[PDB]
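**Student:** A single structure is presented below for examination.
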Protein chains: 2
Amino acid sequence: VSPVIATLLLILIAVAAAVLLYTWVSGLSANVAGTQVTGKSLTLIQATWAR
Amino acid sequence: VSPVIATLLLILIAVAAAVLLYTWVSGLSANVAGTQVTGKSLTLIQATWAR
């Protein structure tokens with residue numbers, strides 16, 4: 001009755017690993033920060049200097 | 001029967017993530033404000049001053 005018991009334990013193992021892959025994949029996603037785009041250059045109201 | 005069950009769970013996972021990509025992409029689009037273009041300079045009717 002060896003084959004019958006062997007097959008059962010193998011089925012359970014592969015199911016458990018697949019579900020674990022899902023959690024890891026989805027957690028991996030939506031895990032990217034990125035950047036902001038600086039606005040257009042600031043208009044120059046004045047440039048001057050003093051002592 | 002391991003391969004048969006494994007493959008099935010993997011197919012479902014990839015389908016779900018693809019549909020989620022679509023919603024996110026389309027929502028990302030049409031999400032840009034922009035600007036208006038100020039009209040032509042205002043004609044000067046008068047310039048004056050008082051005390």
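Every chain in the structure tokens has a letter given in the order shown (A, B, ...), and although residue numbers restart at 1 in each chain, ligands are simply numbered from 1 in the order shown.
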Just list the residues in chain A DSSP gives alpha helix (DSSP H) on the backbone, as a CSV table (one decimal) with C-alpha atoms, in the first residue's frame.

**Tutor:**
```csv
chain,number,residue,atom,x,y,z
A,2,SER,CA,3.2,2.1,-0.3
A,3,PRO,CA,2.2,4.0,-3.5
A,4,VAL,CA,-1.1,5.1,-2.0
A,5,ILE,CA,0.4,6.7,1.1
A,6,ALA,CA,3.4,8.2,-0.8
A,7,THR,CA,1.2,10.0,-3.3
A,8,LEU,CA,-0.9,11.6,-0.6
A,9,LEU,CA,2.0,13.2,1.3
A,10,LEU,CA,3.4,14.5,-2.0
A,11,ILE,CA,0.1,16.2,-3.0
A,12,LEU,CA,-0.1,18.1,0.3
A,13,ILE,CA,3.5,19.3,0.0
A,14,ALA,CA,3.2,20.9,-3.4
A,15,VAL,CA,-0.1,22.6,-2.4
A,16,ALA,CA,1.5,24.3,0.6
A,17,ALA,CA,4.5,25.6,-1.4
A,18,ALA,CA,2.2,27.1,-4.1
A,19,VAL,CA,0.2,29.1,-1.6
A,20,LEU,CA,3.4,30.3,0.0
A,21,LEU,CA,4.6,31.5,-3.5
A,22,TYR,CA,1.5,33.6,-3.8
A,23,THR,CA,2.0,35.5,-0.6
A,24,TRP,CA,5.6,36.1,-1.4
A,25,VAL,CA,4.9,37.3,-4.9
A,26,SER,CA,2.1,39.7,-4.0
A,27,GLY,CA,4.0,41.1,-1.1
A,28,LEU,CA,7.0,41.6,-3.5
```

**Student:** Report, in Å to a single decimal, how far apart CA of residue 32 in chain B and CA of residue 43 in chain A are.

**Tutor:**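 So the answer is 22.7 Å.
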
**Student:** To one decimal place, how far is CA of residue 42 in chain A from CA of residue 30 in chain B in Å?

**Tutor:**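 Straight-line distance from CA of residue 42 in chain A to CA of residue 30 in chain B works out to 26.3 Å.
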